[PDB]
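Asks: If you're matching them up, the sequences are chains h and K in order. Each position in the first sequence, counted from 1, maps to that position plus 344 in the entry's author numbering. Each position in the second sequence, counted from 1, maps to that position plus 344 in the entry's author numbering. Beta carbons: idealized from backbone N, C-alpha and C, even for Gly.
2 protein chains.
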Amino acid sequence: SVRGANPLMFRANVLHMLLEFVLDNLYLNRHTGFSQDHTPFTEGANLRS
Amino acid sequence: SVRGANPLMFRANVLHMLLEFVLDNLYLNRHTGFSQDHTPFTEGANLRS
Numbered sequence: 345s346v347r348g349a350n351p352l353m354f355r356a357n358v359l360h361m362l363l364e365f366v367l368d369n370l371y372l373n374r375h376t377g378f379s380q381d382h383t384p385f386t387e388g389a390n391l392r393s
Numbered sequence: 345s346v347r348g349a350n351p352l353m354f355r356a357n358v359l360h361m362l363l364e365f366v367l368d369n370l371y372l373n374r375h376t377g378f379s380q381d382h383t384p385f386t387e388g389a390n391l392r393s
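#1: Assuming K:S379 contacts K:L391 (C-beta within less than 8 Å), just tell me the rounded distance between them.
#2: Can you name, in chain order, every residue of its own chain whose Cβ lies under 8 Å from the Cβ of K:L372, other than the five neighbours on each side?
#3: From the DSSP output, in three-state form, read off h:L367 for me.
#4: Grab the span of the beta strand (DSSP E) containing K:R392 for me, first residue to last.
#5: Could you round the C-beta distance between h:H382 and K:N350 to whole angstroms and report it? I think they count as a contact, below 8 Å.
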């Protein structure tokens, strides 16, 4: 059936899912740029672009 | 809106206006001719022309 799965193999599938979660997030955050707020909604905060 | 100004920038605009006021007045007064007036209200004066 295309709508069923073997219940005795959930742990194996879940374990592989967690490994995929970690691998997909192996990145470094990058500094892009900023600009000051021209509106009074914030007290002159610097906002990322 | 093309009409109206941001109230957060009033001080910056006013300061630049005052700087314009000083810069446009950097001159030396120049001597010129006179005339001897005999109007009954200013008899004997030497008015500049």
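Replies: On the basis of the supplied data:
#1: 6 Å
#2: none
#3: helix
#4: 390-392
#5: 7 Å
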